[PDB]
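Colleague: sequence-free structure coming up:
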């Protein structure tokens, strides 16, 4: 009888855990997509700003300005 | 009689453990896929940013800028 009850409760718990974990996986995938989008956009804007500034100041000037 | 009861309970526990572990393995595989996807995307974006910046600043300037 204990084996029967254990089987029933185990199947119920496994069903619940499977649903919860699949939902969590979908949410994590969406969060990862959002994170990588934000990271790449910020990287693009900082790279553009750096290039614009180094073009405005000139590589020749920055060659000896730091020293 | 103890051997009979032990066999019954052992088979029940083995069934439950097998189901739980197969579900856990599937979930772990999905999590690994998500992790490697995020890692490769972030690596791609950081590599692209590094290349863009080192192209904007010029390798000749960076040759002696650090010194």
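Modeller: Nice, I can see it. Numbering: from 1, shown residues only, chains lettered A, B, ... in the order given.
Colleague: right, and the helix or strand after the lengthiest helix in chain A?
Modeller: Ranked by number of residues, the top helix in chain A under DSSP state H is helix A:2-57. Sequence-wise, the next helix or strand downstream of helix A:2-57 (DSSP states H and E) is helix A:59-65.
Colleague: quick one: contacts of that following helix?
Modeller: With Cβ atoms under 8 Å, 6 or more residues apart in numbering or on different chains as the test, helix A:59-65 has contacts from A:54, A:57, B:57-58, B:60-61, B:64-65. Placement of C-beta: from N, CA and C, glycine included.
Colleague: 7 Å - rerun?
Modeller: The list of residues contacting helix A:59-65 from outside it, by Cβ atoms under 7 Å, 6 or more residues apart in numbering or on different chains, reads A:54, B:58, B:61, B:64.
Colleague: Tell me what angle the longest helix of chain A forms with helix B:2-57.
Modeller: Taking axes from the mean of the first three to the mean of the last three Cα atoms, to 10 degrees, one finds helix A:2-57 and helix B:2-57 inclined to each other by 10 degrees.
Colleague: How many neighbouring residues does residue A:17 have?
Modeller: The criterion is other Cβ atoms under 10 Å in any protein chain shown. On that basis, residue A:17 has 14 neighbouring residues.
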